[PDB]
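The next block holds one structure in the form of structure tokens; read it before the comments.
Letters A, B, ... are given to chains in the order of the sequence lines, protein chains preceding strands, and every chain is numbered from 1.
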Amino acid sequence: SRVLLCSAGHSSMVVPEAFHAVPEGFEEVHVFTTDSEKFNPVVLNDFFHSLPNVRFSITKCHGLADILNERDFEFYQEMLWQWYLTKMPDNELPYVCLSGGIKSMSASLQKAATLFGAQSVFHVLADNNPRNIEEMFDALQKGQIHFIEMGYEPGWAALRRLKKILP
Amino acid sequence: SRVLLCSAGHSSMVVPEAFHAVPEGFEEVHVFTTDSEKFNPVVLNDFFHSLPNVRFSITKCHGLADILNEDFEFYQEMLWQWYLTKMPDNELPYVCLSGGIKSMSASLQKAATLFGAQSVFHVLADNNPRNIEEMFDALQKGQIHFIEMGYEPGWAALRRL
RNA sequence: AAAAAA
């Protein structure tokens, strides 16, 4: 049950790229983002509508478009970690791409991966930042997408068990 | 004691904004960044020359400029080495993870989580000051936003020499 | 490579 969890910001192209971090692909892809109006799923909709065997979901941190202070962040992080526990599969650690968002978003998903576990945590760098699916496919033919593996995390079984408190 | 650990990328000005996360500032400032040319230490050197009783240092990941591979077989180990030697020995440091590519911010978060931090935080600036008086203008007009992301107790990894 | 993948 290959599950990719992705943070997104205002560059939705990190998620189709993340999907190609492994040649097999992913059975599930779940994205967490702010609900800023700058967030755009159009490229995400068309891409995954073209992969009908992929369970795809967008989850927003309701009401928070920009993290600017402590309260914002603790709300973001609470809703993120609930999302992580909910979407991570039961008999297998998830794959997590922390590329999208402001730095606090990437760091909070890194910390969640360290707590609950992840088969791999990675980041994607693109020579020319593909703006579209077709330029992404161009870029990975030329080898201009670079996947940075930053480590397996076992997590803690007692922290995964927090999934029991959730609906 | 009262030690700020800061990751830097190609925007050195996150560091003096970080210094102003508290009115008292910090008694030491320690920066870690890659070895690329687009890192400019000059605004940092000029700033901290004006604060002589702050101990300031810059440490680069010698040999590594960009990180493109598995955290390029190198960044994380130097970062964690640097954190332990720079951190206070009987108190936890303050940590600003603002600068760098996402992987270097994420790696400092992880170091904070393992070794402990009094505070982990991030800094947003409306207009991205490029120099000190732009930052002091932004500070005056509420244009710099400090995001406190949380205390980290860390482990007994601190005990490492 | 701080308000959002190098």
Side-chain angles (χ1 to χ4, degrees), chain A residues 6-21 31-40 43 61 64-69 72-73 76 97-109 122-131 135-136 139-140 144-148 150, chain B residues 6-21 31-40 60-61 64-69 71-72 75 96-108 121-130 134-135 138-139 143-147 149:
Chain A
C6 206
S7 60
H10 292 168
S11 321
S12 277
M13 270 318 297
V14 297
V15 191
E17 271 161 40
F19 185 81
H20 285 87
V31 165
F32 197 81
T33 192
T34 56
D35 54 334
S36 36
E37 40 107 4
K38 260 71 190 173
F39 170 73
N40 191 269
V43 85
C61 184
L64 173 73
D66 287 86
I67 306 148
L68 292 319
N69 51 53
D72 292 346
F73 176 82
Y76 178 84
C97 172
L98 41 69
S99 294
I102 69 175
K103 296 312 216 302
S104 304
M105 303 177 48
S106 299
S108 183
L109 183 54
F122 63 97
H123 182 39
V124 51
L125 260 60
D127 291 11
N128 292 123
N129 283 2
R131 324 171 260 173
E135 326 172 355
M136 173 198 60
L140 39 62
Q144 331 191 294
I145 313 322
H146 314 256
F147 293 97
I148 310 158
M150 29 204 303
Chain B
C6 193
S7 61
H10 297 154
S11 293
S12 282
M13 278 273 327
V14 300
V15 187
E17 300 176 346
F19 193 83
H20 283 82
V31 181
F32 194 87
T33 197
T34 49
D35 201 350
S36 46
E37 281 77 47
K38 309 207 208 253
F39 170 75
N40 172 252
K60 315 214 260 143
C61 200
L64 179 38
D66 286 321
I67 309 169
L68 306 159
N69 304 302
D71 270 314
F72 185 96
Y75 183 85
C96 177
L97 44 62
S98 288
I101 67 165
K102 302 281 167 67
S103 295
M104 31 210 293
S105 167
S107 185
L108 189 50
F121 68 95
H122 182 33
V123 182
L124 261 53
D126 296 19
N127 308 295
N128 272 22
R130 324 233 176 124
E134 281 179 1
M135 149 189 104
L139 273 180
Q143 304 296 180
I144 304 205
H145 310 260
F146 297 94
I147 311 164
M149 316 171 47

Notebook entry, point to check: In chain order, what residues pass the side chain to side chain contact (heavy atoms under 4.5 Å, CB included) check against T34(A), with sequence neighbours excluded?
Noted result: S36(A), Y76(A), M105(A)
Next item on the list: Looking at every strand, decide which applies to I67(B) at a 4.0 Å heavy-atom threshold: base, sugar-phosphate, or nothing.
Entry: nothing
Next item on the list: With heavy atoms under 4.0 Å as the rule, sort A138(B) into base, sugar-phosphate or nothing.
Entry: nothing
Next item on the list: Could you check whether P130(A) gets within reach of a base, just the sugar-phosphate, or nothing at all, counting any heavy atom under 4.0 Å?
Entry: base
Checklist line | Comparing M13(A) and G9(B) on RNA chain C - which has the more 5′ nearest nucleotide | finding: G9(B)
Next item on the list: Output yes when a side-chain donor or acceptor of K103(A) lies under 3.5 Å from a complementary backbone atom of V123(B), and no otherwise.
Entry: no
Item checked: side chain to side chain contact (heavy atoms under 4.5 Å, CB included) involving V14(B) - partner list, sequence neighbours excluded -> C6(B), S98(B)
Next item on the list: Could you tell me from which nucleotide to which nucleotide of RNA chain C, 5' to 3', there is an atom under 4.0 Å from chain A heavy atoms?
Entry: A1(C) to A6(C)
Note to self: Regarding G101(A), tell me which of base, sugar-phosphate or nothing describes its non-hydrogen contacts under 4.0 Å with the strands shown.
What the structure shows: base
Next item on the list: Under 4.0 Å between any heavy atoms, over every strand shown, what does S36(B) touch: base, sugar-phosphate, or nothing? Just pick one.
Entry: base
Next item on the list: Determine the contact category for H145(B): base if any of its heavy atoms lies under 4.0 Å from a base atom, sugar-phosphate if only primed atoms, P, OP1 or OP2 are that close, otherwise nothing.
Entry: base
Item checked: Listed partners of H146(A) passing ring-ring contact (aromatic ring centres under 6.0 Å, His included), at least two apart -> none
Check: With sequence neighbours excluded, what pairs up with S12(A) under the side chain to side chain contact (heavy atoms under 4.5 Å, CB included) test?
Finding: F39(A), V43(A), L44(A)
Note to self: Within the 4.0 Å heavy-atom criterion, would you say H123(A) contacts the bases, only the backbone, or no part of the nucleic acid?
What the structure shows: sugar-phosphate
Margin query: What contact category does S99(A) fall into here, base, sugar-phosphate, or nothing, at under 4.0 angstrom with non-hydrogen atoms?
Written below: sugar-phosphate
Check: So what does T34(A) touch, heavy atoms closer than 4.0 Å: a base, only the sugar-phosphate, or nothing?
Finding: base
Check: Can you list the residues that meet the side chain to side chain contact (heavy atoms under 4.5 Å, CB included) rule with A139(A), with sequence neighbours excluded?
Finding: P130(A), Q144(A), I145(A)
Next item on the list: Assign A18(A) to base, sugar-phosphate, or nothing according to its heavy-atom contacts below 4.0 angstrom with the strands shown.
Entry: nothing
